[PDB]
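Residue numbers (PDB author numbering), protein chains in the order written: chain A, 4053 to 4207; chain B, 4487 to 4523, 4558 to 4672, 4700 to 4964; chain C, 4728 to 4872; chain D, 4873 to 4920. Idealized CB from N, CA, C, for every residue including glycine. Written below as structure tokens is the structure these notes are about.
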Ligand SMILES: Nc1ncnc2c1ncn2[C@@H]1O[C@H](COP(=O)(O)OP(=O)(O)OP(=O)(O)O)[C@@H](O)[C@H]1O
Ligand SMILES: Nc1ncnc2c1ncn2[C@@H]1O[C@H](COP(=O)(O)OP(=O)(O)OP(=O)(O)O)[C@@H](O)[C@H]1O
Ligand SMILES: Cn1c(=O)c2c(ncn2C)n(C)c1=O
Ligand SMILES: [Ca+2]
Ligand SMILES: [Zn+2]
Ligand SMILES: [Zn+2]
């Protein structure tokens, strides 16, 4: 742990708290990551949305960057998983939306029976399909690819 | 339990097996280049050239059979899903097999009357309560004796008979059947693996465009070849009635000299020779010098060269080259439109640019139509107890099918900053 | 390194007039346009060598008796009933002609295969000389545009 | 020219109003925006 230059010596000892109680001065390999990792990746997610939700909504804040530059070992871990769209939200005003993208769905928007169905669609719509049915043809496309992404899963 | 192990191997390797039934079908049509005349193959490398074709021609029918089993488990389940959606959204949101009863056209509408009598109708459409929704919406104007009757080792035989009506009428499945039914004929005669190099055409992109441009401007092309067969026909009736004495395909007059004084054989002479020449018809005709009809003959040939070889054969080539100019440019335009506007906003490369990487981050993070697809996959796994304030103004509007929630013109910088 | 070879043989200073091409501006543009639309050009010449190949296998299996490059029958008459030499005959002569293949072939008049032969030649003239040889010229002239 | 002339005419018919002369864009702004504007609001049949 010390040779990776990530944790300082005030943190390499805290990580070795007891961690075994087992007779050999060792650990358990996949149980120590079972103990402590996964009950802070979805707890810690909503923290990452909240610091994201404040920086984009409230700019020009000197007080916020002091936390924000400390969070960069989190905000550069969850940015693979942080899906950000924009909708016209119920008040005639456009408000951003933040959500959670899995890892069994960023790796099946690859797998080229799904990639070929995109390029067969993008060319079909930006060529033909008027403005009274453009976004209908998008929402009708998202329903199919979700069936494709289910289909490429059980293979 | 071992069947679904193999059957899920072939659907995984379908795009990576169709590049194997091409590197084989070159190796057939390279050994087959050595034939010689009874037709018997010689050798150029060694004696083991004949068995490497009898090996290679049974290996090709096997691989061309695994590329339709892998098609039957990769893309034909999807074409069912896009078909069971459109039926189920027709008799429910609109009403088709109760109120409308479709016409003699749209045979797929007529064919899909066979499916709604089945037990397991929405097999792929995730929406197994259509048959309860119609009787609650259309059980009032029409009696629920009828709607209960219209809808409803023993497999879904009335449904499996419907499904094969969708697989066989499917476009890309027929090509995977014609690709295999030649490999059955490839052992009746070895020369039928020469019609497998036409998988180059439906395999590349700038060769699929040529094969489309022959028929893309097609509905005018028949009406222009159909003017060739009338101008050359009207050049027959003049030549048949006036100029029979020039039309000799014969030698010196001593021979049993062959003529063209018969309508059906003067006509095929004017089209097998009169079109493909360079000078129209004035090549393969005895020279007019000592005749009274000479001036009436130079006028006959010049307007043949001008109407059929200068005009009508240039604008038949013109509709096949300048359809290849549209279809290449169409693609170019699509790419340019993709790299100069936003898909969902529809704004421009200019207004978002205004900063380094201005349009790039606007479409990588702020809209990024991947994300609008993961967001709709989000609401399917979220429970309706858990929908927040905006994930249920969306999910109400999507169940309602209104779609006023995509950003029409503005995004974020068009009101803030 | 050609000027070293220019004294092994005097004829190697004839490959120094190709310094005209990388020397001017409207001649450097021609020499670029051959390969500028190049990645489609191989896939279109590569369709010529397959359509003319599929016109060989039909002519080899059906029409061997017309393919005489010979004189009057009395001579030791030369044929094209061998695949590799029927194929190079369809490409050295069948492409560069004006009428496709209906020039250098004995005339079909007294045969039962006559209607099956006029269809063979018209679609040779239309597919390989009217279309596929116009859109191979088309990618070298409209890359210069 | 004469094929393109016809093409242009068709395109002009499907992107402007005959009597207004305004555009497919300003009337669109809503689902079926240009369609109802020329089916009901002007519709040169009705002026006849
Ligand atoms: N809403 C949008 N979402 C994503 N891309 C967009 C959008 N609007 C415009 N674009 C443009 O589309 C381009 C994306 O390229 P494209 O969709 O052809 O696939 P790609 O990212 O090139 O990867 P591949 O070609 O392998 O699918 C981006 O460069 C972007 O400029
Ligand atoms: N003032 C207008 N009145 C009617 N149509 C208009 C007007 N301005 C533009 N248009 C366009 O003209 C189109 C009408 O098509 P057109 O006039 O060619 O005949 P049609 O409705 O297609 O029927 P047909 O071709 O059988 O006569 C409409 O789609 C409309 O978009
Ligand atoms: C359950 N369910 C849905 O409810 C659904 C869907 N796509 C859209 N909806 C609405 N999919 C794929 C789905 O499985
Ligand atoms: Ca709630
Ligand atoms: Zn946008
Ligand atoms: Zn108007």
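Report task. Find the nearest neighbour of residue 4943 of chain B within the set B/4954, B/4958, B/4927, judged by alpha-carbon distance. Result -> B/4927
Requested in this report: Indicate, with yes or no, if ligand 3 has a heavy atom lying under 8 angstroms from the CB of residue 4639 of chain B.
Outcome: no
Report task. Going by CA-CA distance only, name the one from A/4061, A/4121, A/4183, A/4098 that's closest to residue 4133 of chain A. Result -> A/4098
**Report entry** Boundaries (first-last residue) of the beta strand (DSSP E) holding residue 4146 of chain A
**Finding:** 4146-4152
Query raised in the report: Whose C-alpha, out of C/4737, C/4768, C/4834, C/4778, is nearest the C-alpha of residue 4850 of chain C?
Result: C/4778
Query raised in the report: Shortest alpha-carbon distance to residue 4704 of chain B belongs to which of B/4646, B/4605, B/4640?
Result: B/4640
Report task. Check each residue of the stretch 4182-4202 of chain A: if its Cβ is closer than 8 angstroms to any Cβ of chain D, include it; give the result in chain order. Result -> 4183, 4184
Query raised in the report: With 9 angstroms set as the bound, which would you pick, yes or no: does the beta-carbon of residue 4905 of chain D sit closer than that to a beta-carbon of chain A?
Result: yes
Report task. Report yes if the CB atom of residue 4609 of chain B is closer than 9 angstroms to the CB atom of residue 4848 of chain C, and no otherwise. Result -> no
Report task. Determine the closest residue to residue 4517 of chain B out of B/4506, B/4561, B/4880, with distance taken between C-alpha atoms. Result -> B/4561
**Report entry** Under 8 angstroms (Cβ pairs) to chain C, residues found in the stretch 4747-4776 of chain B
**Finding:** 4747, 4748, 4751, 4753, 4754, 4757, 4761
Query - For residue 4792 of chain C, the three-state DSSP class (helix, strand or coil) - result: helix
Requested in this report: For residue 4819 of chain C, name the three-state secondary structure that DSSP assigns.
Outcome: helix
Report task. Taking only the alpha-carbon atoms, compute the straight-line gap between residue 4629 of chain B and residue 4635 of chain B and give it to the nearest angstrom. Result -> 11 angstroms
Query raised in the report: Taking the alpha-carbon positions, what's the residue 4888 of chain B to residue 4654 of chain B distance?
Result: 42 angstroms
Requested in this report: Mind checking which residues open and close the alpha helix (DSSP H) that includes residue 4082 of chain A?
Outcome: 4081-4088
**Report entry** the stretch 4896-4906 of chain B contacting the stretch 4176-4184 of chain A, beta-carbon criterion three pairs below 8 angstroms
**Finding:** no
Query raised in the report: So, is residue 4595 of chain B buried or exposed, given that buried needs 16 or more other C-beta atoms within 10 angstroms?
Result: buried
Query raised in the report: At a Cβ threshold of 9 angstroms, is residue 4055 of chain A touching chain B?
Result: no
Requested in this report: Determine the DSSP secondary structure at residue 4522 of chain B, reduced to helix, strand or coil.
Outcome: strand
Query raised in the report: Which residues are close to ligand 2, meaning CB closer than 6 angstroms to any heavy atom, in chain order?
Result: D/4885, D/4886, D/4889, D/4890, D/4891, D/4910, D/4914, D/4915, D/4916
Requested in this report: For my contact list, residue 4720 of chain B and residue 4782 of chain B are in at a C-beta cut-off of 8 angstroms; report their separation, rounded to the angstrom.
Outcome: The Cβ separation is near 47 angstroms, so there is no contact.
Report task. Could you tell me whether any Cβ in chain A is nearer than 9 angstroms to the Cβ of residue 4884 of chain D? Result -> no
Query raised in the report: What is the DSSP secondary structure of residue 4876 of chain D, counted as helix, strand or coil?
Result: helix
Report task. Using the Cα positions of residue 4775 of chain C and residue 4855 of chain C, report the straight-line distance between them to the nearest angstrom. Result -> 7 angstroms
Requested in this report: Determine whether the Cβ of residue 4810 of chain C lies closer than 9 angstroms to any Cβ atom of chain B.
Outcome: yes
Query raised in the report: Exposed or buried, residue 4632 of chain B, counting other C-beta atoms within 10 Å across all chains shown (16 or more means buried)?
Result: buried
Query raised in the report: Just how far apart, CA to CA, sit residue 4508 of chain B and residue 4581 of chain B?
Result: 12 angstroms
Query raised in the report: Among C/4741, C/4758, C/4826, which one has its Cα closest to the Cα of residue 4749 of chain C?
Result: C/4758
**Report entry** Element boundaries [alpha helix (DSSP H), containing residue 4670 of chain B]
**Finding:** 4667-4670
**Report entry** 9 angstroms Cβ cutoff met for residue 4913 of chain B and residue 4136 of chain A
**Finding:** yes
Query raised in the report: Should residue 4657 of chain B and residue 4612 of chain B be called a contact, given that it needs their Cβ atoms to be closer than 9 angstroms?
Result: yes
Query raised in the report: So what does DSSP say about residue 4688 of chain B, is it helix, strand or coil?
Result: The structure shown gives no position for residue 4688 of chain B: in chain B, residue numbering passes from 4672 to 4700 with nothing in between.
Query raised in the report: Do the CB positions of residue 4510 of chain B and residue 4583 of chain B come within less than 9 angstroms of each other?
Result: yes
Query raised in the report: If the cut is a Cβ gap below 8 angstroms, which residues of chain C does residue 4519 of chain B touch?
Result: 4810, 4811, 4814
Query raised in the report: Is residue 4649 of chain B near ligand 6, going by C-beta to nearest heavy atom under 8 angstroms?
Result: no
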